[PDB]
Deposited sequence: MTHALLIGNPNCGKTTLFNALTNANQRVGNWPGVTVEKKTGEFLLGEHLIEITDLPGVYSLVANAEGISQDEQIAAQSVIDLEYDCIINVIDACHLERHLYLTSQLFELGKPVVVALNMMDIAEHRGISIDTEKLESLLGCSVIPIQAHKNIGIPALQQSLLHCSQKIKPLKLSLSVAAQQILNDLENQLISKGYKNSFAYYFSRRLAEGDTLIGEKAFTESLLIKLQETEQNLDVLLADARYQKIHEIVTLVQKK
């Protein structure tokens, strides 16, 4: 069973990678580019788990930032391990909310709990999980704390997640729902149409994609700005419920 590992840069993503895969890991190039790909695997009982590390990115919309953007559509994977840094929850969940729009299983690895605590940051894990609708597994990858539970949660990471409920203008919701339907008629599968619409809305470039993009500009609405805000408000609201100081 195949797990992509995703997060923002500098979140201990590599350390978690090392913690999970140990010496059973290797480096090559991503296909036809210079960026190095790291892959590895671990046994979890009789179960094999393969893991592909993605280069960190704030947002799915810069050669590295590009690889991650296309791998979550290009690759065949069964679930995502979204690594979050507890100390920068609000930023790090921007990516998370975007990932939930893939309709693929996600488990959150809530890393740096020790640094979080040292900085007087307290996170209600049960509440974050209740809000986000996926396992949220507190860890300290650098110290191997939490790894076994995150491993355990991998075996039961087969349910897909709901996009977060975002509040957009009626004008704006209208445009995203036209865009989604245009895509379905085109022949796209539902999961992908929902996801690909949001990316377009944000102004993602990655012949048919360039026609739609000018069409979104001609509505003179700045969808990108609007969608970023609605994503931000829901996320700010989740942070204010779960995190103090």
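In this chain, the deposited residues that lack C-alpha positions fall in the ranges 1, 63 to 68, 214 to 217.
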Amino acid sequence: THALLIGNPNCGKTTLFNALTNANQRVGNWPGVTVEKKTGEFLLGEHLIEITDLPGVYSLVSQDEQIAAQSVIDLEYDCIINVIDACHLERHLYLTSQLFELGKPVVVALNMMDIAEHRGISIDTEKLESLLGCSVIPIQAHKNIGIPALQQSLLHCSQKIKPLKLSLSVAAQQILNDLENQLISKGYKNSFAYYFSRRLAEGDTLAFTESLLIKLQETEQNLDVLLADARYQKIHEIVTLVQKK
From here on, numbers count along this sequence of modelled residues.
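Higher average CA B factor: 30 to 38, of the stretches 180 to 188 and 30 to 38. Here 165 to 173 and 72 to 80 are compared by their mean Cα B-factor, and 72 to 80 comes out higher. Per the deposited coordinates, the residue with the largest Cα temperature factor out of 19, 23, 227, 235 is 227.
Across 43, 193, 57, 200, the entry's maximum B-factor at the CA atom is seen for 43. Compared with the other modelled residues of the chain, the Cα B-factor recorded for residue 120 ranks in the middle third. In the deposited entry, the Cα temperature factor of residue 91 places it in the middle third of its chain's modelled residues.
When the CA B factors of the chain's modelled residues are split into thirds, the value for residue 105 lands in the middle one. In this PDB entry, the Cα temperature factor of residue 138 sits in the bottom third of its chain's modelled residues, the lowest group. Per the PDB record, residue ranking by Cα B-factor puts residue 97 in the lowest third of the chain.
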